[PDB]
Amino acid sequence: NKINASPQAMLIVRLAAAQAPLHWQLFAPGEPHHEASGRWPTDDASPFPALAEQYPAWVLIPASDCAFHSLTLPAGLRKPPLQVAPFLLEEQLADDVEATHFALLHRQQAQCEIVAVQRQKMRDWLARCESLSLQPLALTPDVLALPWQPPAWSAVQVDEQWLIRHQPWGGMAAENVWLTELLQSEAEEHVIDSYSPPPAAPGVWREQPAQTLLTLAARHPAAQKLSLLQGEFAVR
């Protein structure tokens, strides 16, 4: 009965610091530049500016700039999750509540999973998109584009930094040297499917045939549903 609609062609882009060139890759099965990839800016005569005018963009941002939280909606309280979040999560925010953007990832009755990020970061990422003529269809924490095949976790490297997907609605970002501390600051050891060569770290690392983050994202379009484009950032 599944419709199994044919996947949407798109330009997948990962943004991080404004100072660094972004990563991009085209997902357009059957089309001439399918799987083309690159960086921007660059001195190469890149097709990126043309692709930005021809395809919608799925934008990934760094999980290191996000915070993932669970919360319980108080019994009898009829306020929506994103109004409850700033009040309940205030003690877990580095920034003032007014300086923080919240997005809802999942809800099961009273239990909500959210992502918090600085409003200024949202503004700067979206300004960069506009300056590049990128039309974002979703804005997703990068770690949430990784496969979720529990009970194993997933991992990949992007610019030496490890992205580790350890739960359905969150993940971690770590420098190679933190893994021992992070993976053993955690309660127990785990099994990790690694899409980059495994590091010497705690846990059972299973080396998968290597794939880049943007390739993993292209194979996981459902992850587009996990998006920070909510509330004041719902639409340009």
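Sequential numbering from 1, following the sequence displayed.
Of the two segments, 198-206 and 44-52, the one listed with the higher mean B-factor is 198-206 (C-alpha atoms only). The mean C-alpha temperature factor is higher for 93-101 when 93-101 and 123-131 are set side by side. Taking the deposited Cα B-factors for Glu31, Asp193, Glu35, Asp65, the highest one is held by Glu31. Per the deposited coordinates, the residue with the largest Cα temperature factor out of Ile164, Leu77, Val115, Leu88 is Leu77.
Among the modelled residues of the chain, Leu229 sits in the lowest third by CA temperature factor in this PDB entry.
When the modelled residues of the chain are ordered by their C-alpha B factor, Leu183 lands in the highest third. Remark: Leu146 belongs to the lowest third of its chain, ranked by C-alpha B-factor as recorded.
Annotation for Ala155: C-alpha temperature factor in the lowest third relative to the rest of the modelled chain, per the entry. For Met172, the recorded CA temperature factor ranks within the middle third of the chain's modelled residues.
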